[PDB]
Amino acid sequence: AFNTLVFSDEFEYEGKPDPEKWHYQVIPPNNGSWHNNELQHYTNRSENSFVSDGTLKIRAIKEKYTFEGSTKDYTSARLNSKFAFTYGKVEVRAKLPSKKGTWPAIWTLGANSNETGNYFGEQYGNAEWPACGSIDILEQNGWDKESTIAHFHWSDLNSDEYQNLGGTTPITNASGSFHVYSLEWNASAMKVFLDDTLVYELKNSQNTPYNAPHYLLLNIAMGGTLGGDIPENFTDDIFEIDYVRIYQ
């Protein structure tokens, strides 16, 4: 159904993520910290993201880092697409971090999120999460690298009731072998796959925030709710992305 390519990055250049395509988040949203009790700051430096040899790397590092008076013990990157879209098929081919404590994600936020320091501000609205909606195409927690997560977080348009549900699936060699993490999203349903396996399908409806533009996020959080305990010896780890493609 989704046969027209509308956004892609094949990462076949060298240096910073293409600034026509990617926006960095660096300002923490919660008084000097990220959410979910996560332990990193996110930066735009070559320490934490770079493109080389046909692939994007996001790299989390145990490193003391201070931003605007708030010191953390880890650094990473959190990218947002400067493409916003309503419906489509998103495909991201990647290798995931292997190390305990890492929490990689490939996900979306409604573009009316107005999250601090994002790219779209109040252009589309001002719907504080979860009312803006989100789709998790991929997460892994810190303690089980043999499973992936797909999940949805939202409140219905006629509600302040927060909903959150999804599924998981087994994965083999998530760090050493590329897999394709994908979403097929239309007015009827949102389906998340790992290669050809359906991880979760949620029916769409007008009562949901999944009928207006979303943007993509790519990140590695450290610690926090799904990162869990980080080994004392942690040095650094990479989330390597061969491409992002979006079709409509």
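The numbering used is simple: start at 1 and walk along the sequence shown.
- Set 12-20 against 222-230 and average the Cα temperature factors; 12-20 ends up higher.
- When the mean C-alpha temperature factors of 154-162 and 99-107 are read from the deposited coordinates, 154-162 comes out higher.
- Remark: of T169, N112, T86, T75, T169 shows the highest value [criterion: C-alpha B-factor in the PDB entry].
- Set against one another, the Cα B-factors of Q40, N30, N211, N48 in the record reach their highest point at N30.
- Ranked by Cα temperature factor within the chain, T66 sits in the highest third according to the deposited record.
- The PDB entry assigns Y247 a C-alpha temperature factor belonging to the middle third of its chain's modelled residues.
- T197: CA B factor in the highest third of modelled residues in this chain (values from the PDB entry).
- Sort the chain's modelled residues by C-alpha temperature factor and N173 lands in the highest third, per the entry.
- For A94, the recorded CA temperature factor ranks within the lowest third of the chain's modelled residues.
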